[PDB]
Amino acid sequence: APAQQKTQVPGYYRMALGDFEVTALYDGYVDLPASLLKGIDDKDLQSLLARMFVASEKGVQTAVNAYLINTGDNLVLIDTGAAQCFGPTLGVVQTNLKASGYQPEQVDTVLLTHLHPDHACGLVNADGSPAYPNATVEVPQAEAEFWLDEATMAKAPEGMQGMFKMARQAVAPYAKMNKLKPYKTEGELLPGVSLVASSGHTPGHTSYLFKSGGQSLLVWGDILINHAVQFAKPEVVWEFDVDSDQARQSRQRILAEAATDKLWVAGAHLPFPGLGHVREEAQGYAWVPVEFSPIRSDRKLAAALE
């Protein structure tokens, strides 16, 4: 037989949301120890992982996703992956953006759910230049007043200090060209996009709601880190939630609303493309991923059946 090709399909996936075009972008993966980075029983944890056929031991392989949304008026990127801040298994968001047929120069707006390295570090090329040189970076103010504050980094423990530095470094090239905007709760950023506060995981963690043609998409950030356990058991928390209790409360609220409104979700650490719906179950919730499809423009003729 001939040589095995090996290479994986590129990490982009296209979906229509009304008139908006969504392109999910894969940053890569990180192996995360199931151990702690948790809040429940070891027997229950392994049982929940096994039923989703998720290997732990060597860690739970976890996706990192970003979302590119073309509304017609704006080309907006929601989160940016990790570049090389978390090692060589990540940082492929910009290459998947290009593979998907876009150019980073076309991005006019970057929305950050929060300033963790796996969301912000992709803002910057390896050589220090801004990855999206024409974009304005919108960061939640609470998120900015936390990670970008000098004393706060100093009164912080060593194992957390690097994340402060990476945040400062991710955002710096945009601050220097006056392209950094910390925003407050008021004023809806772009036509068709509104804010959904979801603090806890970080102090200003924010989810973004896109609406077009009667359809809704919540690009929710890090509401949840492990789909196999935290949908069934939302009470389970993550070691690196800055405030795990508040993060838990945001998740419980967002989970309930998403389930009852039946809106689309785009989740940064849900299996790529990270697009789908939340369904309420007997005890907790379940994740229902999109089924792979070309864009159904022909079906878009619900428009003539009005």
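Numbering starts at 1 and runs along the sequence shown.
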#### Entry: Between the two ranges 198-206 and 152-160, the one averaging a larger CA B factor in the entry
152-160
### Query
Per the entry, where is the mean C-alpha temperature factor higher: 69-77 or 186-194?
186-194
### Message
Given 99, 92, 144, 229, identify the residue with the highest C-alpha B factor in the PDB entry.
### Response
144
### Summary
Reading the B-factor column for Cα atoms of 270, 36, 255, 265, the highest value belongs to 36
### Query
In terms of the chain's CA B-factor thirds, is residue 259 lowest, middle or highest?
middle
### Query
Which third, lowest, middle or highest, does the CA B-factor of residue 111 fall in along this chain?
lowest
## Note on the structure
residue 62: CA B-factor among chain residues, third -> lowest
### Task
Can you work out whether the C-alpha temperature factor of residue 173 puts it in the lowest, middle or highest third of the chain?
highest
### Summary
Chain thirds by Cα B factor, record data; residue 4 belongs to the highest
